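Single-structure report; data block below.
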Amino acid sequence: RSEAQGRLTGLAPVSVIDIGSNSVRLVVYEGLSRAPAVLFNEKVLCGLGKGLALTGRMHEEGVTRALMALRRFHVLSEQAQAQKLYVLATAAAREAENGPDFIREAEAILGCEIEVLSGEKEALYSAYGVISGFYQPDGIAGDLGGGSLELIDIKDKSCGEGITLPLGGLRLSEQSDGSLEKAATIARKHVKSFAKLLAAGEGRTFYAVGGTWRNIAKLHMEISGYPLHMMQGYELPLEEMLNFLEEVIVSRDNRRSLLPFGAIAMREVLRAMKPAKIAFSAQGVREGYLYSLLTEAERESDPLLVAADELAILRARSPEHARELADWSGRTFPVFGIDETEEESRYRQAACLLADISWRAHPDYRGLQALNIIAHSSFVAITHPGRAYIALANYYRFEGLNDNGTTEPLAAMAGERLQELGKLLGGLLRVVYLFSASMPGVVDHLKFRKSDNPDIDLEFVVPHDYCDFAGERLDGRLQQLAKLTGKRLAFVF
Amino acid sequence: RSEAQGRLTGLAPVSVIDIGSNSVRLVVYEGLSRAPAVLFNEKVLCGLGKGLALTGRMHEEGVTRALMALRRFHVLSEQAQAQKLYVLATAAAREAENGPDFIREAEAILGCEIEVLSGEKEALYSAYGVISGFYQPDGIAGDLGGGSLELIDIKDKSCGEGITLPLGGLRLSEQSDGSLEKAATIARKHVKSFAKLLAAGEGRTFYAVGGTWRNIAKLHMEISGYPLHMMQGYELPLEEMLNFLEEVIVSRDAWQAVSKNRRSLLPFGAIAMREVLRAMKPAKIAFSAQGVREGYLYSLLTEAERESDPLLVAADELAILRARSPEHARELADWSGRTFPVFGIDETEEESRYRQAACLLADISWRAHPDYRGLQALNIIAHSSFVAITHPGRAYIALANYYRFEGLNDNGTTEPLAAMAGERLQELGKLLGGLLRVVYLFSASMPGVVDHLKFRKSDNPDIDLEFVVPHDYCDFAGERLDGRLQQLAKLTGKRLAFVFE
Ligand SMILES: [Cl-]
Ligand SMILES: [Cl-]
């Protein structure tokens with residue numbers, strides 16, 4: 001039914017509809033897997049939660065718009081060829097007198113049962129979304145929605161019991177009657193009740209989830225001119241964050257904005273918690289829900305290495321060679337005395353899996369195209385410095401170990417240690433490509449080792465078979481490596 | 001076997017080694033097809049023709065280096081899993097005293113015969129290299145090797161008599177004894193005896209092929225600050241080209257790169273080109289990265305493959321490789337052509353080619369983070385090895401697809417490309433981006449919907465065009481579709497409305 005090679009095989013697309021207190025959203029994924037791409041996305045800001053705190057009903061004008069959006073989401077899901085649909089709804093639908101009627105009507109439109117979450121499940125699925133999107137997280141997640149603020153402790157693949165605070169942006173702005181002062185008093189009082197839970201987050205990371213907070217992050221990126229407009233893993237120290245929140249709070253000198261009330265919610269949490277830093281999550285309840293439906297093996301898999309391998313499958317001349325490299329660089333690094341952290345090893349593996357993705361690009365731009373595709377991919381479980389590292393390693397592999405004006409800013413984001421490790425990988429891959437042509441079967445017969453020679457640090461050993469690959473070019477790229485590493489290299493059969 | 005979804009299917013890779021006066025090169029292509037990607041690429045400078053003019057023999061040091069290049073290229077062609085090898089050599093390869101032994105050694109190393117091409121076969125294959133890389137070329141093609149110059153008239157897919165002059169850059173530098181005035185005499189004499197063939201090129205295009213002439217183009221781009229460092233389809237008017245060639249000639253007494261390299265062939269290539277251009281007086285010079293070896297493979301294609309449009313073949317291949325639906329990419333190419341006339345656009349055949357390519361390429365960056373989709377589309381299209389497309393046509397495609405993902409506004413990213421493409425192509429790219437933005441909201445980038453959707457005149461005097469939606473698609477109606485159609489209304493200055501039947 002399709003010529004499409006640009007689509008991962010073995011995956012049937014799946015639609016997830018998320019009915020929230022503010023937005024109603026459709027996303028279609030390639031499949032229910034660890035790292036699928038988004039095949040379609042749509043969001044309508046219905047405001048089902050407007051007035052709910054005051055009236056006990058979802059906003060009727062919002063009910064009308066939400067139902068219209070669902071009719072359209074239904075036909076888009078079909079047109080997008082989704083074979084399964086999951087629908088989630090806000091806990092608000094339970095606290096609304098018109099909730100049951102609304103859900104019934106939504107179910108008739110979508111032909112499908114709707115999972116209406118509890119505050120407990122909202123907190124749980126917020127935590128799963130952080131767990132799924134970060135490598136070894138540690139701190140407290142906060143998901144600010146339209147009506148509620150969920151807080152839950154996180155450590156690696158575990159979470160604590162969630163708490164739910166009535167401090168969502170819609171609720172707080174309505175209850176405060178738009179008074180920033182009153183909004184502060186309400187936030188302060190409710191946060192105060194959980195001083196102990198929060199106090200346990202001091203010096204750890206605050207994981208900030210949800211639309212209003214994501215909007216606070218986007219605005220700070222724009223005003224500070226941050227070069228990578230990438231929510232996932234965007235991180236600020238506590239003091240920079242508290243400082244920017246004060247500015248959001250006092251932005252009188254749309255007056256219908258939730259941003260100040262959201263700013264107050266976060267400030268009151270951060271004052272009770274005192275985390276070292278705030279890390280933003282593009283992933284939330286919806287992604288945490290899907291995480292819970294994966295298999296155990298998929299939950300356990302590394303979403304960065306899964307996405308990097310998928311890109312190799314999709315773009316490399318040889319996916320099999322991409323994996324060879326990852327293992328080979330693994331064995332070689334310790335021979336160059338590099339003692340890498342597990343985070344560093346993860347990133348090197350990713351870099352190797354991504355090393356051949358730009359091969360069809362005009363030769364003058366292969367390095368630059370690699371750098372941009374890598375930097376702009378929707379990876380999770382990678383820090384911004386880690387993105388810089390993987391982009392750099394692959395740029396350096398094409399354009400040499402020299403720094404220039406296009407490497408500078410990535411070098412500044414990576415920091416010195418990751419920049420150096422990147423040069424080393426780029427240097428190592430260049431010597432290897434002269435034997436491999438980016439195809440398998442060759443690289444496992446190449447190796448560095450120690451010398452008995454007092455006047456040689458490492459020896460590069462090639463089979464006598466591969467002597468016709470050898471010459472002036474190898475010796476050039478081998479001398480560049482020796483220069484970089486400060487080690488006397490030697491070639492042998 | 002392999003998991004590789006990023007290899008075009010049904011293609012055996014093909015290697016071509018070519019042995020020239022100045023270098024030996026290996027290229028591995030994905031396969032023998034109209035627009036295949038380059039799997040592998042390597043060039044070693046050998047200087048085989050150094051001294052050959054005077055001595056009648058190639059240097060031992062050049063022969064030694066070329067043979068080591070070929071031993072390496074042998075194992076690389078196999079490692080790349082190529083299923084066929086072609087080896088082409090210059091006429092001088094055999095005419096050299098020590099050539100027959102070299103050819104024999106090289107054939108042993110490679111396990112394969114070497115086609116030693118006459119100056120006339122090179123002339124013809126250079127023509128086919130130009131024919132294959134340009135849309136309806138019209139002028140004279142010139143290929144400057146180290147030993148000889150070829151000249152051949154090109155008219156669309158047809159071509160004239162191929163001639164050869166002993167005006168290679170290395171040869172001319174040696175026969176002149178390094179004297180630029182003497183070189184001008186040797187070149188004017190040889191070109192003067194083909195004044196009639198060249199006078200026929202007046203007002204047409206000179207297609208410049210070969211290593212040294214390519215380096216003249218790169219230097220001009222480098223010194224001029226030209227933003228798209230893309231050789232194929234790079235084009236200069238006569239008066240600018242002649243000015244630059246004059247600076248190249250007098251370069252010894254900025255610019256410090258070539259002024260210091262006293263062993264450079266560029267001043268002599270600049271002399272040879274000047275004398276051709278004075279005898280010819282073309283409107284413009286267009287450079288070709290394609291030459292003898294591409295024109296040679298082009299001759300082994302089927303007649304259907306040769307007549308197929310390589311820009312469109314490559315755009316479709318990228319849709320096959322990358323798009324959510326290649327079938328839909330093609331629906332878009334069809335649908336938009338039938339919609340333009342409703343908006344009062346009468347497009348030229350070239351403009352239509354490009355629009356089609358833009359549609360086939362619109363979805364190649366769908367996996368990119370949504371903030372970077374437009375920018376990624378723009379960069380992939382700019383950095384891709386398309387042929388039969390001009391630099392303004394490149395800008396069109398990139399802009400069209402940038403607007404599609406990013407909205408119809410201009411910014412510092414679109415200014416350089418808009419400048420290159422010009423106001424007509426820019427506004428056609430905006431129109432296409434605006435139209436693609438609306439239909440996406442019905443299609444979800446998948447097939448079966450868009451052909452049922454049409455624009456037409458409205459009987460309402462307050463609406464100029466209505467977008468007609470069959471009742472089958474009534475539930476696609478929404479808030480998001482309304483905003484996008486109004487962006488198109490503001491763009492086109494026509495009042496638009498949906499009609500959901
Ligand atoms: Cl879009
Ligand atoms: Cl939109």
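Going through the structure tokens in order, the chains are called A, B, and so on, while each chain numbers its residues from 1 and the ligands are numbered from 1 in the order shown.
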Chain A residues near ligand 2 within 12 Å, closest pair each, using only C-alpha atoms and all ligand atoms, as a Markdown table:
| residue | atom | partner | partner_atom_place_in_ligand_line | distance |
| --- | --- | --- | --- | --- |
| A:41 | CA | ligand 2 | 1 (Cl) | 9.9 |
| A:42 | CA | ligand 2 | 1 (Cl) | 8.1 |
| A:43 | CA | ligand 2 | 1 (Cl) | 8.7 |
| A:44 | CA | ligand 2 | 1 (Cl) | 9.7 |
As a quick test: using only C-alpha atoms and all ligand atoms, which residues lie no more than 9 Å away from ligand 1? Give them as a ChimeraX atom specification. /A:40-41 /B:370,404-407,436-438,440-441,444
Do me a favour and pick out the residues of chain A within 7 Å of chain B, using only C-alpha atoms, as a PyMOL selection string. chain A and resi 3-7+37+40+69+71-72+75-76+79-80+313-319+360-362+365+376-378+436-437+439+468-469
Requested write-out: C-alpha atoms of the selected residues, as a compact mmCIF listing (two decimals), in the first residue's frame:
# COMPACT_ATOMS: atom_id res chain seq x y z
CA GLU A 3 6.55 3.09 -1.36
CA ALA A 4 7.46 4.84 1.96
CA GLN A 5 10.97 3.84 3.16
CA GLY A 6 10.94 6.85 5.50
CA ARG A 7 8.68 5.04 7.97
CA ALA A 37 7.94 10.08 15.81
CA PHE A 40 0.35 14.47 13.32
CA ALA A 69 -12.61 19.51 18.07
CA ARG A 71 -15.39 15.44 15.66
CA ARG A 72 -12.43 16.70 13.67
CA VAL A 75 -11.68 12.10 11.11
CA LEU A 76 -8.01 13.14 11.31
CA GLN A 79 -7.15 9.86 7.61
CA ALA A 80 -3.78 9.53 9.40
CA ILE A 313 18.03 2.26 10.23
CA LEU A 314 16.33 5.05 8.32
CA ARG A 315 19.34 6.95 6.88
CA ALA A 316 22.75 5.25 7.25
CA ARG A 317 24.44 3.28 4.43
CA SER A 318 24.67 0.44 6.96
CA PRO A 319 22.82 0.31 10.28
CA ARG A 360 23.61 12.00 0.70
CA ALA A 361 24.44 15.65 1.38
CA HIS A 362 26.77 17.42 -0.98
CA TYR A 365 27.92 20.25 3.72
CA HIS A 376 17.25 19.57 15.95
CA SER A 377 16.03 16.00 16.55
CA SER A 378 13.45 15.34 19.19
CA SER A 436 35.43 0.81 6.26
CA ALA A 437 33.80 3.09 3.61
CA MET A 439 30.30 -0.57 5.63
CA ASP A 468 46.27 -1.72 0.29
CA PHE A 469 43.90 0.70 2.22
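Using only C-alpha atoms, the residues found no farther than 9 Å from residue 229 (chain A), other than those of its own chain fewer than 2 positions away, are residues 218, 221, 222, 226, 227, 231, 234 and 376 of chain A; 371 and 372 of chain B.
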Applying 10 Å and only C-alpha atoms, which residues near region 85-93 of chain A remain after dropping the ones on its own chain fewer than 2 positions away? List them as a ChimeraX atom specification. /A:13-22,24-26,28,48-49,52-53,56-58,74,77-78,82-83,95-103,106-107,110-122,145-148,285-286,289-290
Write down as a ChimeraX atom specification the residues belonging to region 68-122 of chain B that are assigned strand (DSSP E) by DSSP computed on the backbone. /B:84-89,114-116
For residue 62 (chain B): contacts at 9 Å, only C-alpha atoms, fewer than 4 positions along chain excluded, given as a PyMOL selection string: chain B and resi 45-50+58+66-67
For CA of residue 151 (chain A) and CA of residue 307 (chain A), the interatomic separation in Å (one decimal): 29.2 Å
Within 10 Å of region 164-174 of chain A, counting only C-alpha atoms, which residues show up once you throw out same-chain ones fewer than 6 positions away? Write them as a VMD selection string, please. chain A and resid 21 to 22 47 49 to 54 119 to 120 122 to 123 142 to 152 180 182 to 184 186 to 187 190 to 191 193 to 194 212 to 213 256 to 266
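For the pair CA of residue 129 (chain B) and CA of residue 294 (chain B), the interatomic distance is 5.1 Å.
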Skip residue 392 (chain A) itself and residues of its chain fewer than 2 positions away, then list as a ChimeraX atom specification all residues within 8 Å of it, counting only C-alpha atoms. /A:371,388-390,394-396,407,410-411,419,422-423
Selection to disk with C-alpha atoms, as a compact mmCIF listing (two decimals), in the first residue's frame:
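Result written to selection_27.txt:
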# COMPACT_ATOMS: atom_id res chain seq x y z
CA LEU A 371 25.31 18.92 13.09
CA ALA A 388 26.21 19.64 21.67
CA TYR A 389 28.59 16.71 22.25
CA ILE A 390 26.89 14.40 19.73
CA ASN A 394 29.96 14.17 13.99
CA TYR A 395 30.79 17.61 12.65
CA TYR A 396 34.46 17.13 13.59
CA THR A 407 31.53 24.82 16.23
CA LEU A 410 28.17 24.14 20.50
CA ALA A 411 31.59 24.01 22.10
CA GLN A 419 34.22 19.03 23.49
CA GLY A 422 34.03 14.85 20.80
CA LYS A 423 37.28 15.71 19.04
